[PDB]
Structure formats: structure tokens, C-alpha cells
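Trainee: To start, I am sharing the structure in question, which I have written as C-alpha cells.
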Amino acid sequence: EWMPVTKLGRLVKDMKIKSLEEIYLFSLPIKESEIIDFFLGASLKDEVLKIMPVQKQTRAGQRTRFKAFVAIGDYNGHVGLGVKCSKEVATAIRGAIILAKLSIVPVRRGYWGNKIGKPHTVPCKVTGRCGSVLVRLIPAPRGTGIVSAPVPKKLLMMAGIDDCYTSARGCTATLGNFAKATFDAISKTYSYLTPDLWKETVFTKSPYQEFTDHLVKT
Amino acid sequence: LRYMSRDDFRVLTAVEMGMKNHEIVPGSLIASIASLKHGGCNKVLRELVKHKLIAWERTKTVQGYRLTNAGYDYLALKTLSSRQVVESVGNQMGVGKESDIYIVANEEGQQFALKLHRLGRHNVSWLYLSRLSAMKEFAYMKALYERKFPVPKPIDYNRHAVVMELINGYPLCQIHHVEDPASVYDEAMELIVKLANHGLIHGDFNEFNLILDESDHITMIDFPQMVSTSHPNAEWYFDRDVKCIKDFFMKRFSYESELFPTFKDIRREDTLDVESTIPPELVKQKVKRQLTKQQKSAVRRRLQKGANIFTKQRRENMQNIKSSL
RNA sequence: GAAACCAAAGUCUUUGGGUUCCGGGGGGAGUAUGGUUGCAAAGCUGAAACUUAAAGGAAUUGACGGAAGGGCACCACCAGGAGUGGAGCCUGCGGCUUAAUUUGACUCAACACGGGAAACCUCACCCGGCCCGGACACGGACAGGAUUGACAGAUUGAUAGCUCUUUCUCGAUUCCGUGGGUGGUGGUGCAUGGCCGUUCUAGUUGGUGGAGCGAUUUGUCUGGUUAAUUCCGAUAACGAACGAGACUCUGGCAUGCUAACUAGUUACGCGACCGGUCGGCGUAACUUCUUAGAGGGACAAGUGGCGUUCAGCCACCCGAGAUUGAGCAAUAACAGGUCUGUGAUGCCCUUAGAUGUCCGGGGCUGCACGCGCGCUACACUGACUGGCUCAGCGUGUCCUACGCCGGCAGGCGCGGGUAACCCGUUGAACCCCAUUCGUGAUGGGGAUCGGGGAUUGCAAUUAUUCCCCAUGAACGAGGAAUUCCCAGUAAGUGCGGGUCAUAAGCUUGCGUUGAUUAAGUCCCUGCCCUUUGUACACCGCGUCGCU
RNA sequence: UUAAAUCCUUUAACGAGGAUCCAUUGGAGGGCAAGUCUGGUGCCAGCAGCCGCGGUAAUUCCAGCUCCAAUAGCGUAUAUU
């Protein structure tokens, strides 16, 4: 059973917010895991990228705890990435998943050649810089597939990108930096301005400002 | 017993080199300072742990070996064997609290007495305090024998071992009767005046530190407690030792004293209280010393990678993580 | 930007303002060689062969400091007491013997631990002796009995129908040889199902938020305060869970209360004795004593001092108690695990029985010695002798009362108690009061021995234990070293439980007489915090000899 | 067919039941797909490009069994991209 805490959460619970896009439009923070699990639901699959065991330096000695890198992704839309460290491995995994659901971003999908059908590739060649790891995504023609290292291959697949030329620079061996770089690249797809979004942005009322009277009752 | 007589010398001495500077000595350091044989010293260490020669230590981060009580004892006997003093072992052993008495026999077959100091802070400090004890005891043993005193004859000292003349008898504490009590009493009273003449007070001159040889001759042992006559309470320690003997002969043998020696004579005797120009032969030796040091430094870094214990602990957890996933 | 940092080290995968020099894992090596400059010392230029998985840069926690501050502990010391260590004996561990002297642990957690006081059992150890030891397949015997059971007698260390005279019954409940793997009242190892112990005794650990690429950090802290991440309070933290704390019991206190025919008192009768003494006996007084319950009662309550004037700390009045002790409380680490749980579980073993059952006799005590816990002593503050008077914890269907016979252990007769009832007012010992001894190996001290007697028990010979005579040893307050000890405590002194047929110098409780010194410190011996620093560098093992 | 042949193609007959008309080479800790299986060995023999494995429970050696990759090919050394 879910009982929401945030104002956004309460709105979600009912039927006042229709899609996940209304949250992203106003760049509101998704603070509850259930909101994502409500809108996307069964569509979100997960891939555990890595389980690395680390020994924590304690005054009692050394105990083993596992760090889980999980990339959650609804295909043809949304990706997230989470990193959790815990005593048990299942715990670490679920924690990572929860954390990765809070981090779900939309990816803009573009066209390589002439814009026929559904979008398949990254809109323009974007980059993701994260601690000496430099990931570049490049628009690829339809049906090329993701030509990358295994990790950003996963991440791009779960983003719903069909095809993309990748190039990495720096210490790509450190997985955290690599995955985080690629996530950072993929987020940046919406942040990049094209001639497509030049029209003066007409302002809709914010979820708070629109359903203010319904939030009085709670 | 001692069967192995080659590599065991070099390995055990290498431990003693590290023992003087540090606590537990790692196996990485041992092979570098024992460069005569390389690689096969690790199986020698596994033969040393079979006996009470070395002890293993793997606490938390400190990995290596330390020398034991009995292991320190074997090293001295191995040195005394090369000096041709000890060959076979006699079995008459008086196990004490501060020292152990072992009968030793040479090449000739002549039986001598050996003292081994067993002081029992970490074991490293305990095996260093035994080193200073033997060197101090041998110093007094040489000083008294040269100056006419009835002491065991000093022969050789090695780390903690002291070889002395075999005077066989019984300690004064376990004596029922003496055939001539008066002559023995006057002999013992003379020896306190003798020491005071040389500027020495025994301090603990009791019936527990005197041995009779066939109820005729009084022998003195155990000398780490001796003090100078320059001490403010010089006459107090002098009179306490006199009264200890005065009462004992009256107690055990019922002999009352006619002579009462209380003379202060310092000092009529020796004060023992203190106790193109460079030739190619040289060029070769100097070049060799440089080339050995370059090789020894590289071997140290190769042995420092042995961590083997760190890799074993990390592998166990990884197998558990993959199986649970 | 790896980052510390940098308004340049920015305007770099959204990569091109001009332009010079220069680096390509670490070493070898900035070495050789050449050339050139240099009076020289040297400078500039400048390799390779070969060797090595690294050489390093930033940051981060703090295992260790031979760093510093605090704090604490008679498993530390100080001032002391009792000592042990010296003697005899007893016991434990080494060691030594022996057929065997069964045994893990070796500076706390090795050392009267296995409740282990071992004649038998216990017993695991030794010397002996009978007995039989699966299923399966093959080959033999049986109804012209396979085999079981069996009175008495003779056998060896034993009343061996598991041998012969007896063969008398019993009707398949089979047993006689050979083996080959597929042996199970098996052994151990792993997967998994439940449940323990070990170290300190004060912390341990999340969740969410924040900080960082990340390791990580913040929470978990300036300061005061506390045994303490305790508390006040400050605050990028806020909240938790777990344990300590809290909960419960217990003890101290009640001349208040509830009661007690298995508790006791008082008074009153009767009796005995010289107006009194009586654990002599008989019901009206109800709880003081005894018991066992409820309810109280202490909460830092009050006062004074100190304190950021708060958290708290110290002192003091009254009080039974101002700082009672235990359990709970149901932690952290364990790679110590524990147990008749399941896996057609993995292996190893099964006339090489994973200690085969029983029988008889031994051993565990053996003894030059070490290392140790104890008991008795070493006397005069005593020993002996007589008299006197007081417990508590507890136990008991062997604890025992009472009479008789016993010098003495003990017997014999008769009762009570399956227990606040009887042992049992538990009749204790020290101690006290008198008697004799008189500084000596003494009458102290009792070891060791010699004769008897009595129990216990199938059995006391290597003395079970107790009793009575006689002998009477070492020991004259114990060196170096070392243990326990702050008040009803140490020490003296007895008693009860515990294994138990008798067995107690052991362990564990209880009373009784009852102290000296201390109320301080970190000096030694350690332990615990806090603060701060941190991921074995260099300069001082060789000589000769033939192939 | 072809100079003549051979081969292929075309065709009579015979020619397939798993002990066959039987598929190999490497590997099975990580990189890197696939065993904490069983026996042997005991820092030995050996393996291992590198990291490392072996000093008595070896997931790494030699075997057995099982599995994986490539498949009539597959390893190894070297030059080079």
C-alpha cells in the first residue's frame, strides 16, 4: 500500500497528473519511487551493470559490503541509473533500483537522414563528461545498432535509442564514471537547443498552481 | 637435537638481525640478508616451525616470523660447536627460575657446565634482556677468578650462554650436617671481607647462593646483583650478610661464633666495582659491493609483493556475491 | 580540471588566433662511443645490448606512533595485614619409571577445569581367555531331524548346556565351505533445518536529506558535563533500530495492617522448688520477636557551596536506607559453532568389528627431581586438663531420638521424620573461666613406623576408613621471587551441601570472633578514552686451495 | 568429357541401425562462453599471453566424467594493420 507524502505525490495518486511528461515540463523533483512505478509500471525493466564488493574500513575491522550499479530503463522513452552500497547483495540491488527510479530522465530521439517514421537515434552529437571519462554519442543511420562498449550499449538500449555511434576517451575502465558519463550524455539530449525549439514557450500553469484547490483538502 | 647443519645457521641469524631493530620480522627481509641460497628458504622456515625454533605471526597486517625461547638457545650452542667447546649433551639439569643449567661435553669428553638465561612486555624485549645478563655475569666471573676468588672458571660467552667449570655439589640450604662447622664458617666469613677488600658487596649473600664441594670448599655463583662500596648504605648490606651467616650456623649446625669480623677496608685491592693510486684488487672489491647492493635492493622489492594473504581474503567474498545474485 | 587548485591552468569531442622548444611505461643512463667546445675540471650533442609489471600523481579512512594529553584498576602501586616461597605431609603439571602408570589445555582464558574423593563400576590404560561378526551369489548337508533349549557331574584364573557320560526334547525359526561388490544399530565431509558458547562491557547499525566523479564524509559536535554517540546545548542535518539503560526481583525499615492447631509471646490456672525459678503442662492476649504478604517508604527530596548560572558535581541535616546485589535486560565480531533434522548427498571403512559384548587379574597412587595451589606446624597471645556458654546456610527414607551392652570405634533393642512438626531450644568450634606445664626439640610439632580391635562392602593385601596402645622425625618465623586483601572485609574458627555402600587435607556455601593501614597516585604493572601525526629509506661480512 | 585421358556432370547394379560409413582442435578462476564434480599430485611435477594457480578440502597442474566455443577445421610462433 502507498500513502504519498509530497504534494506532487498526492496529485499523482489520484488522476490529476496524466503523464510523466507534466513533471518534466516543470522540472519538478521526483522524490517518491512510487510516482515512476505508477506511470511507467510494467514497462520498466532493469539491468544490473556491476556488483563490486568493497571492504569498509571500520574500527571493528573489515566487513564486506556490495556496491550495485543498476540501470533502469523503460524502452522507447526513459532511463535512470542508480548506485547503492549495502551489507547484503539483494538489499544493494533493490536500493539501487529505487534510487535509479528517482533519477529517471527523458531522452530526446532524433533522425539521421530524412525524418521518416519513428525517431531512432540521438538528435545531435552530444557528450557526457564525468571524471576523466568522455562519452560522445553520434547520430547513426537507421538500423546500424548501438556501436559501443557493453555498458553504454546497455544504457542506450534501455533508453530506446536504436542506433548510435559512440566514442569514449579517458579511463573508461572505471565503471561508475563510464555509466555516469553516458547517463549525463543522454540527459543532455533535451538540454541541447536545436532550430526545432525556437518558438516562444507558452506557459501552462504548474501542477501546484493548477490543482491548488484540490490540495486544500489534503 | 641438531641434525641439520648448513642453511639453519644463516636463516636463524637473519632473524636475530631483524630482532634487534624490530618486533616481528617479515619473510621478505630474511632471504635478502641471507643471499647464499635463494628461493628454497621458505621450506626451511616450515622445518623450523616443526621444532620450537621460530613462531609465526599473522595478526591483522603484520605478517612474518619471530624467534622463540628455545630457538634462541639453539643459536648459541651452534656457535659454541664451532668454537669446539660443546659436542654432546649431559642430562643432569637443574631447571631454575632465572636460568637453566645444562651439562655439556667437549671433544675430549671433559664435562663442563652451561648456563642459559631464561628471563620471562613482548618476547623480543625478553630475549634482549637475557643478552645483557650473560655479558654482565661473565664480566664478574672473569674479574673474580683472576683475583684469587673460589668461583667457577669462565670459558666462553655466546649471546645468553655462559660456559663454566663443573663444580659438582649441593647448595647450603639442603645440608643436614658438616663434619667441620668451624673451618667452613671461617672460610665463608673471609670471603665477605675479601669482596669488601676488592670494593664489592654481594647484597644477597645467603645460604641460597652457596654450594659446598664435598663439605670442604665453598663455591659462589649468580652475579647480577652486585653493588659498589661507594653506596651510602655500604655497611648495611655488609652487616646484613654477616648476620645471615651468623644465625644460619647457629640454627642448622648449632655453632656459635668466636670471631666477629666487621672491618671496613676500601681499597687495598683492585677496584672491581667498575666491572692509478688505487690497486685493481681494491677496485674489484669496491665494484663487487656496488653490484651486490643493486641486486639486493631489487630482490627486496620482489619479496615485498609476497601480498598473498590480501589476495586470498578478497577471493572468498567474490565467490559468495556471484552465487547469491 | 585526477586533483590540490587555477580568473587562468578558462573560452577543448560544441575539439583549428599566430607561432618556438619539447615528452611518449620504468631502468640501463643522461652511461658508452664518435664529434665538438674547453689550459684543465668539464659543457653541448648523445645510443644500444640487456632487464623489469610496473615507476609515479593526486586525493581518502586511520591498523601503528619508539606522539602528546586525560581517566581507571589492590587480576597496579603506595601505607600496611595475612601470607606462600623455608619444614613434614597432601595433592596438580612437567619430568622419571613401568606391561599400563588413560587423558586435551603450557605466562590470564596452562595451574584441585572431566562435580575427577578412581578398591568394583566409574575407565578411556595393560596382561591374559572364552564367545560370534551381516546381506548377497555359488557349492555342500536336512524330514532316514537343519537347529534351539536343557538336571547333575568333570574340566581352566570363572555354578562355560557357548565341551564330554547323559542325548532327552525342540520340526525349519536352516548352518557347513568359497567368494564379489551392489555390504550399514556405520565413520566422516558438504548443501541446507533448528538451537549454543567465546572477548570487553560500551557502544553498534541502518533510513531519509546534504556534501564529493569516487573512495568517503556529514548524522557520530565548539564548550561544559557524564561510566558513556549520556545530558544541556550548538548545528546540514532530521529521524530511527539494537544493546546498555529501563523492567523485575531481592535486601535493608515499620512496636502501622493482614494472618499463621506445623510460629511465637503475654496473662491466667495446676504442679515442682526455695515473695522469686522452671524448653513443667492446659486453654483467654494478638503479632513485639518468627514467618509470609499487601501497602507504604527515596525522588538527587531539602539546605549550603560550585557551576555559561543549565546540564550537572561536591558537602551536609533528617532518615532504615542518599553510591544494595542480582537477574532480566533477550548487542557488536566469530572463518568457535551446536544438535538424531532433511538431501535415491560427496567420499572412507565394515572376519583391519571405525573402542564387538563379556570373564579373571592388574594400573591410574608407582619416584632421585623440578615447577606449582593447599593442610599441619614451628608454641607461653601456648599446650594439656576440668568447668561454662552462644549460630547460621543447609540436608534427610537414610537422617537419626531414646534405652541396654560396650575402655573406643561400635553392636543390640525399640520409636519419630518422605519434613517451620522428628533429628533439633540444631547443645558447634573458636572464646571465656579455673588446673598442670615453664623456654628445652620441651608435654610444641606430629611425620614415619610396630602390634591389636571395629565397621563399610561380592573384594581392603600396595595400610578404604575409624578406633587404642607404643615410636616419636623435619621443623627455632623461611633468601631472591610472588598471591590475595577497604569493614561485619582480611585473618582466626568451626558447621552444612556436593560425588556417596565406606570413603574429604578438595570444591562450594554458612555462620562465629573480628582487626592494621588506606580513602591517594600513575611511579611500576596494565587497560580505556581523546587529540594529533601515518600506508624497514640511506651511510658505516671476507682470505686461500685443485678440476 | 577429352589431343588421349582424368575429374565433374549423367547414369545400370550393390551400397545405413548406431559395439557404424564412430569429428576434430582448443578451452572450462578472472579477462572470456563453460564445473567451488571425482580421483591423483603436495611451491614437487607442472600450468599460466597477463593477473595468478600448486606448500594436503588445488574451481588454475595430470587424469576421469561432465560442459562451452569454433566446426572439416582448429591450435601455436613470427611480420604487420
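Labels used: A, B, ... for chains in the order of the C-alpha cells, numbers from 1 for residues in each chain, and numbers from 1 for ligands as shown.
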Please build the interface table for chain A against chain B with a cut-off of 8 Å, listing for each qualifying residue the nearest atom pair and the distance in Å to one decimal; count only C-alpha atoms, order rows by chain and increasing number, and write it as CSV.
Mentor:
residue,atom,partner,partner_atom,distance
A:51,CA,B:321,CA,7.8
A:53,CA,B:318,CA,6.9
A:64,CA,B:317,CA,7.3
A:89,CA,B:321,CA,6.9
A:90,CA,B:325,CA,7.3
Trainee: Using only C-alpha atoms (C1' of nucleotides) and a distance of at most 12 Å, pull out the residues of chain D that contact chain B, as JSON, numbers by chain.
Mentor: {"D": [29, 30, 36, 43, 51, 52, 53, 55, 59]}
Trainee: Write a file of the selected residues as a PDB file, in the first residue's frame, keeping N, CA and C atoms (P, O5', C5', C4', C3', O3' and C1' of nucleotides).
Mentor:
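Writing the result to out.pdb gives the following:
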ATOM      1  P     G D  29      38.443 -22.978 -14.712  1.00  0.00           P
ATOM      2  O5'   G D  29      38.317 -21.624 -13.880  1.00  0.00           O
ATOM      3  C5'   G D  29      37.361 -21.492 -12.815  1.00  0.00           C
ATOM      4  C4'   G D  29      37.526 -20.163 -12.114  1.00  0.00           C
ATOM      5  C3'   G D  29      37.489 -18.928 -13.002  1.00  0.00           C
ATOM      6  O3'   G D  29      36.164 -18.519 -13.296  1.00  0.00           O
ATOM      7  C1'   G D  29      39.319 -18.771 -11.541  1.00  0.00           C
ATOM      8  P     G D  30      35.848 -17.856 -14.701  1.00  0.00           P
ATOM      9  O5'   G D  30      36.488 -16.404 -14.564  1.00  0.00           O
ATOM     10  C5'   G D  30      35.977 -15.463 -13.604  1.00  0.00           C
ATOM     11  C4'   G D  30      36.861 -14.239 -13.542  1.00  0.00           C
ATOM     12  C3'   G D  30      37.072 -13.491 -14.852  1.00  0.00           C
ATOM     13  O3'   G D  30      35.977 -12.626 -15.123  1.00  0.00           O
ATOM     14  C1'   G D  30      39.149 -13.789 -13.770  1.00  0.00           C
ATOM     15  P     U D  36      29.721 -24.905 -10.028  1.00  0.00           P
ATOM     16  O5'   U D  36      30.703 -24.454  -8.856  1.00  0.00           O
ATOM     17  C5'   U D  36      30.949 -25.306  -7.720  1.00  0.00           C
ATOM     18  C4'   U D  36      32.435 -25.450  -7.497  1.00  0.00           C
ATOM     19  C3'   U D  36      32.852 -26.548  -6.525  1.00  0.00           C
ATOM     20  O3'   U D  36      33.966 -27.293  -7.012  1.00  0.00           O
ATOM     21  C1'   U D  36      33.677 -24.449  -5.786  1.00  0.00           C
ATOM     22  P     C D  43      55.733 -29.887  -1.550  1.00  0.00           P
ATOM     23  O5'   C D  43      56.213 -28.802  -2.616  1.00  0.00           O
ATOM     24  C5'   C D  43      55.407 -27.648  -2.919  1.00  0.00           C
ATOM     25  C4'   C D  43      56.139 -26.745  -3.881  1.00  0.00           C
ATOM     26  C3'   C D  43      57.289 -25.954  -3.279  1.00  0.00           C
ATOM     27  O3'   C D  43      58.297 -25.758  -4.261  1.00  0.00           O
ATOM     28  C1'   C D  43      55.659 -24.455  -4.102  1.00  0.00           C
ATOM     29  P     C D  51      51.781 -10.665 -14.553  1.00  0.00           P
ATOM     30  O5'   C D  51      50.384 -10.718 -13.784  1.00  0.00           O
ATOM     31  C5'   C D  51      49.761  -9.509 -13.317  1.00  0.00           C
ATOM     32  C4'   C D  51      48.342  -9.766 -12.872  1.00  0.00           C
ATOM     33  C3'   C D  51      48.174 -10.696 -11.690  1.00  0.00           C
ATOM     34  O3'   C D  51      48.500 -10.009 -10.497  1.00  0.00           O
ATOM     35  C1'   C D  51      46.546 -11.199 -13.327  1.00  0.00           C
ATOM     36  P     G D  52      49.457 -10.695  -9.435  1.00  0.00           P
ATOM     37  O5'   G D  52      48.492 -11.781  -8.776  1.00  0.00           O
ATOM     38  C5'   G D  52      48.912 -13.142  -8.550  1.00  0.00           C
ATOM     39  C4'   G D  52      47.905 -14.095  -9.153  1.00  0.00           C
ATOM     40  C3'   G D  52      47.927 -15.524  -8.620  1.00  0.00           C
ATOM     41  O3'   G D  52      47.211 -15.755  -7.413  1.00  0.00           O
ATOM     42  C1'   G D  52      47.989 -15.590 -10.956  1.00  0.00           C
ATOM     43  P     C D  53      47.748 -16.853  -6.372  1.00  0.00           P
ATOM     44  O5'   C D  53      47.457 -18.234  -7.108  1.00  0.00           O
ATOM     45  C5'   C D  53      46.106 -18.698  -7.255  1.00  0.00           C
ATOM     46  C4'   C D  53      46.069 -20.029  -7.969  1.00  0.00           C
ATOM     47  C3'   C D  53      46.722 -21.208  -7.270  1.00  0.00           C
ATOM     48  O3'   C D  53      46.000 -21.747  -6.172  1.00  0.00           O
ATOM     49  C1'   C D  53      47.293 -21.244  -9.550  1.00  0.00           C
ATOM     50  P     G D  55      48.705 -26.053  -1.996  1.00  0.00           P
ATOM     51  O5'   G D  55      50.075 -26.247  -1.217  1.00  0.00           O
ATOM     52  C5'   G D  55      50.741 -27.514  -1.196  1.00  0.00           C
ATOM     53  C4'   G D  55      52.070 -27.366  -0.503  1.00  0.00           C
ATOM     54  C3'   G D  55      52.010 -27.173   1.004  1.00  0.00           C
ATOM     55  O3'   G D  55      51.949 -28.429   1.673  1.00  0.00           O
ATOM     56  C1'   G D  55      53.452 -25.555   0.043  1.00  0.00           C
ATOM     57  P     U D  59      39.939 -25.547  -5.282  1.00  0.00           P
ATOM     58  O5'   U D  59      39.576 -25.646  -6.826  1.00  0.00           O
ATOM     59  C5'   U D  59      38.695 -26.661  -7.334  1.00  0.00           C
ATOM     60  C4'   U D  59      37.999 -26.147  -8.567  1.00  0.00           C
ATOM     61  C3'   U D  59      38.913 -25.568  -9.639  1.00  0.00           C
ATOM     62  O3'   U D  59      39.486 -26.601 -10.437  1.00  0.00           O
ATOM     63  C1'   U D  59      37.015 -24.158  -9.307  1.00  0.00           C
TER      64        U D  59
END
Trainee: Residues of region 127-199 of chain A in helix (DSSP H, G or I) according to DSSP, as a PyMOL selection string?
Mentor: chain A and resi 150-157+175-191+195-197
Trainee: May I have the selected residues written with N, CA, C and O atoms, as a CSV table (one decimal), in the first residue's frame?
Mentor:
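Okay, selection.csv is ready:
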chain,number,residue,atom,x,y,z
A,150,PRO,N,30.1,-2.3,-23.9
A,150,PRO,CA,28.9,-3.0,-23.4
A,150,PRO,C,28.0,-2.2,-22.5
A,150,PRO,O,26.8,-2.5,-22.4
A,151,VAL,N,28.5,-1.2,-21.8
A,151,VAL,CA,27.8,-0.6,-20.7
A,151,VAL,C,26.9,0.5,-21.2
A,151,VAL,O,25.7,0.6,-20.9
A,152,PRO,N,27.5,1.5,-22.0
A,152,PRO,CA,26.7,2.4,-22.7
A,152,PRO,C,25.8,1.8,-23.7
A,152,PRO,O,24.8,2.3,-24.1
A,153,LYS,N,26.2,0.6,-24.2
A,153,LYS,CA,25.3,-0.2,-25.1
A,153,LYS,C,24.0,-0.5,-24.4
A,153,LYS,O,22.9,-0.3,-24.9
A,154,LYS,N,24.1,-1.0,-23.1
A,154,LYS,CA,23.0,-1.3,-22.3
A,154,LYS,C,22.2,-0.1,-22.0
A,154,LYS,O,20.9,-0.1,-22.1
A,155,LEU,N,22.9,1.0,-21.6
A,155,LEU,CA,22.2,2.2,-21.2
A,155,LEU,C,21.4,2.8,-22.4
A,155,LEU,O,20.3,3.3,-22.2
A,156,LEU,N,22.0,2.8,-23.5
A,156,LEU,CA,21.4,3.4,-24.7
A,156,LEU,C,20.3,2.5,-25.2
A,156,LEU,O,19.3,3.0,-25.7
A,157,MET,N,20.4,1.2,-25.0
A,157,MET,CA,19.3,0.2,-25.4
A,157,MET,C,18.1,0.5,-24.5
A,157,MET,O,16.9,0.6,-25.0
A,175,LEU,N,33.9,1.8,-13.9
A,175,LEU,CA,32.6,1.6,-14.5
A,175,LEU,C,31.6,2.7,-14.1
A,175,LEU,O,30.9,3.1,-15.0
A,176,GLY,N,31.8,3.1,-12.9
A,176,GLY,CA,30.9,4.2,-12.3
A,176,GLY,C,31.0,5.5,-13.1
A,176,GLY,O,29.9,6.0,-13.5
A,177,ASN,N,32.2,5.9,-13.5
A,177,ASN,CA,32.4,7.0,-14.2
A,177,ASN,C,31.9,6.9,-15.6
A,177,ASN,O,31.5,7.9,-16.2
A,178,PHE,N,32.0,5.7,-16.2
A,178,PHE,CA,31.6,5.4,-17.6
A,178,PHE,C,30.1,5.5,-17.7
A,178,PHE,O,29.6,6.2,-18.6
A,179,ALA,N,29.4,4.7,-16.9
A,179,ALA,CA,28.0,4.7,-16.9
A,179,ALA,C,27.4,6.1,-16.6
A,179,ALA,O,26.5,6.5,-17.2
A,180,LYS,N,27.9,6.7,-15.6
A,180,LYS,CA,27.5,8.1,-15.2
A,180,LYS,C,27.8,9.1,-16.3
A,180,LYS,O,27.0,9.9,-16.5
A,181,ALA,N,28.9,8.9,-17.0
A,181,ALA,CA,29.1,9.7,-18.2
A,181,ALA,C,28.1,9.6,-19.3
A,181,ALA,O,27.6,10.5,-19.8
A,182,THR,N,27.8,8.3,-19.5
A,182,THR,CA,26.8,8.0,-20.6
A,182,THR,C,25.4,8.5,-20.2
A,182,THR,O,24.7,9.1,-21.1
A,183,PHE,N,25.0,8.4,-19.0
A,183,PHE,CA,23.8,8.9,-18.5
A,183,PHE,C,23.7,10.4,-18.6
A,183,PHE,O,22.7,11.0,-19.0
A,184,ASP,N,24.8,11.1,-18.3
A,184,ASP,CA,25.0,12.5,-18.4
A,184,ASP,C,24.9,13.0,-19.8
A,184,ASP,O,24.3,14.0,-20.0
A,185,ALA,N,25.4,12.2,-20.7
A,185,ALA,CA,25.3,12.5,-22.2
A,185,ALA,C,23.8,12.4,-22.6
A,185,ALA,O,23.3,13.3,-23.3
A,186,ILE,N,23.2,11.3,-22.2
A,186,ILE,CA,21.8,11.1,-22.6
A,186,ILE,C,20.8,12.0,-22.1
A,186,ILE,O,19.9,12.4,-22.7
A,187,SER,N,21.1,12.5,-20.8
A,187,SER,CA,20.2,13.6,-20.2
A,187,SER,C,20.3,14.8,-21.1
A,187,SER,O,19.3,15.5,-21.4
A,188,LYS,N,21.5,15.2,-21.4
A,188,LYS,CA,21.8,16.4,-22.2
A,188,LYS,C,21.2,16.5,-23.6
A,188,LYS,O,21.3,17.6,-24.2
A,189,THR,N,20.5,15.5,-24.0
A,189,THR,CA,19.8,15.5,-25.3
A,189,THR,C,18.6,16.4,-25.4
A,189,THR,O,18.4,17.1,-26.4
A,190,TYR,N,17.9,16.6,-24.2
A,190,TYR,CA,16.8,17.5,-24.1
A,190,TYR,C,17.3,18.9,-23.8
A,190,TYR,O,16.7,19.9,-24.2
A,191,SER,N,18.5,19.0,-23.2
A,191,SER,CA,19.1,20.3,-22.9
A,191,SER,C,19.7,21.0,-24.1
A,191,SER,O,19.8,22.3,-24.0
A,195,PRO,N,17.1,24.2,-33.9
A,195,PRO,CA,16.1,25.1,-34.5
A,195,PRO,C,14.7,24.7,-34.3
A,195,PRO,O,13.8,25.5,-34.6
A,196,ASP,N,14.5,23.5,-33.9
A,196,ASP,CA,13.2,22.9,-33.7
A,196,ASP,C,12.5,23.6,-32.5
A,196,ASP,O,11.2,23.7,-32.6
A,197,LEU,N,13.2,24.0,-31.5
A,197,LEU,CA,12.6,24.6,-30.3
A,197,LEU,C,13.0,26.1,-30.2
A,197,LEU,O,13.7,26.5,-29.3
Trainee: Which chain B residues are at most 8 Å from chain C (counting only C-alpha atoms (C1' of nucleotides)), as a list in words?
Mentor: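 Going by the stated atoms only, the list reads residues 60, 61, 94, 95, 96, 120, 204, 206, 207, 208 and 251 of chain B.
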Trainee: Could you please take those selected residues and save C-alpha atoms as a PDB file, in the first residue's frame?
Mentor:
ATOM      1  CA  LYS B  60      45.924  -8.095  11.125  1.00  0.00           C
ATOM      2  CA  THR B  61      48.523  -6.529   8.784  1.00  0.00           C
ATOM      3  CA  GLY B  94      68.676 -28.087  37.407  1.00  0.00           C
ATOM      4  CA  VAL B  95      65.732 -26.109  35.996  1.00  0.00           C
ATOM      5  CA  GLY B  96      65.554 -22.765  37.841  1.00  0.00           C
ATOM      6  CA  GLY B 120      60.271 -14.223  31.331  1.00  0.00           C
ATOM      7  CA  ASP B 204      72.169 -11.203  48.739  1.00  0.00           C
ATOM      8  CA  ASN B 206      72.638 -16.129  51.719  1.00  0.00           C
ATOM      9  CA  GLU B 207      72.509 -19.935  52.045  1.00  0.00           C
ATOM     10  CA  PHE B 208      70.637 -19.979  48.699  1.00  0.00           C
ATOM     11  CA  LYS B 251      70.345 -22.521  63.532  1.00  0.00           C
TER      12      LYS B 251
END
